[PDB]
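**Q** Structure below; questions to follow.
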Amino acid sequence: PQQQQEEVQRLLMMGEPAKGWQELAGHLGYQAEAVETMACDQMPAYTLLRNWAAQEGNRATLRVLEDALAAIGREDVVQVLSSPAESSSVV
């Protein structure tokens, strides 16, 4: 849950992008007035847990996270998060 923002943000946030966190707002039911602040509101991906949830999370997570990101096509980070690098031995 938390590591899902602390790690995911380490792919798009770097540079304050207009995609990803923003594209989520489309499925998250947000607004430009807030999308404008989200980019600078204690990190969009970090605040997302409290912003998207509005209390803590769970309701808009676990299964909603993938939908909210897949319905728009934002596996750019999900892919990275679920595929860092191969090495060592065994799974």
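Here's how to read the names in the structure tokens: chain A, B, ... by the order shown, residue numbers from 1 in each chain, ligand numbers from 1 in the order shown.
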With a distance cut-off of 12 Å and only C-alpha atoms, select the neighbouring residues of residue 37 (chain A), excluding the residue or stretch itself and same-chain residues fewer than 6 positions from it, and output the selection as JSON, numbers by chain.
**A** {"A": [16, 18, 21, 22, 25, 30, 31, 43, 44, 47, 48, 51]}
**Q** So the first atom is CA of residue 68 (chain A) and the second is CA of residue 27 (chain A); what is the distance between them in Å, to one decimal place?
**A**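 The value is 5.6 Å.
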**Q** Quick one: residues within 12 Å of residue 60 (chain A), only C-alpha atoms counted, chain neighbours fewer than 4 positions away excluded, as a VMD selection string?
**A** chain A and resid 1 27 to 29 48 to 56 64 to 69
**Q** Can you pull out every residue from chain A that DSSP, working from the backbone, puts in helix (DSSP H, G or I), and format the result as a ChimeraX atom specification?
**A** /A:3-6,9-12,21-28,32-38,44-51,64-70,75-81
**Q** Which of these, A:20, A:57, A:26, A:15, has the shortest distance to residue 45 (chain A) once you count only C-alpha atoms?
**A** A:20
**Q** How far is it from CA of residue 6 (chain A) to CA of residue 78 (chain A), in Å with one decimal?
**A**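 That distance, rounded to one decimal, is 12.6 Å.
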**Q** Would you mind listing what lies within 9 Å of residue 23 (chain A) as number ranges by chain, with only C-alpha atoms counted and same-chain residues fewer than 6 positions away left out?
**A** A: 69, 72-74
**Q** Check the smallest atom-to-atom distance from each of A:85, A:70, A:90, A:13 to residue 40 (chain A) using only C-alpha atoms, then report the winner.
**A**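 Counting only C-alpha atoms, the residue closest to residue 40 (chain A) is A:13.
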